[PDB]
């Protein structure tokens, strides 16, 4: 049947210059860390130590600077536009906040994205965005984000927004979180661990089983962080939709292997990331 569209996602793309670096190596998507200040306002795109093996952990920007860069990379006609860059996952570092600031953090995030990425609806960046939350108990962040875009008069930009819970929680507990949050679509499911440590495919397989089941809730599954061809092949054979990597050119080389070219292709803008592949 048809080739599954795959998101090749650059890991820890936290400096404006790294957006071209990863996209030019073959990524169609990036993952970016977002730190929060003591008032739940996004502050930096900063991961810090410890981080993946072989990476400098300390590159960062002011978050709104990063968003203006990412807007340039994803706005047709801009001198820096990358037509291939179609998804951004924000790894929201809400661990520094109290649980009762999760909703406030969603609202602050929406205000910044509206102003600096979507430019108040004037010729904004076109990428789809996944709000990845590391703690299921922070699910109120989603309502905050949606209510703030609604208040600001751009509720439609939620068509460009999806969701992930990154903590490797049990799949049924993830689904309960989404039920609590009132969410019924646009759901990505991460599974992974730092490239520094080993991991098998058991939870990836459970996430794919949920995604492909008649009444499951996951639309897409992505596995992180994968820097080896063998691991790439294992994840593709498991049926994942995304692979997060420090080396997009390794993943691209695997997808260009003749057996994999028959079964997968690199996702473009017209592949809606919220639709389960059939």
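Positions refer to the first chain, counted from 1.
Comparing 139-147 with 178-186, the one whose average Cα B-factor in the PDB entry is higher: Per the deposited B-factors, the answer is 178-186.
Per the entry, higher mean C-alpha B factor between 255-263 and 7-15: According to the PDB entry, the answer is 255-263.
Selection from 43, 65, 241, 52 [criterion: highest C-alpha temperature factor in the record]: Comparing C-alpha B-factors across 43, 65, 241, 52, the top value belongs to 52.
Given 191, 104, 164, 170, the residue at which the Cα B factor reaches its maximum: In the PDB entry, the greatest C-alpha B-factor among 191, 104, 164, 170 is found at 170.
Cα B factor band for residue 199 (lowest, middle or highest third within the chain): Ranked within chain, residue 199 CA B lands in the highest tercile.
Residue 215, C-alpha B-factor rank within chain (lowest, middle or highest third): Ranked within chain, residue 215 CA B lands in the highest tercile.
Chain third (lowest, middle, highest) by recorded CA B-factor, residue given as residue 230: For residue 230, whose C-alpha B-factor we compare with every modelled residue in the chain, the answer is the highest third.
Position of residue 82 among the chain's modelled residues by C-alpha B-factor, lowest, middle or highest third: CA B-factor rank for residue 82: middle third.
Third of the chain, ranked by Cα B-factor, where residue 56 sits: Highest third of the chain for residue 56's C-alpha B-factor.
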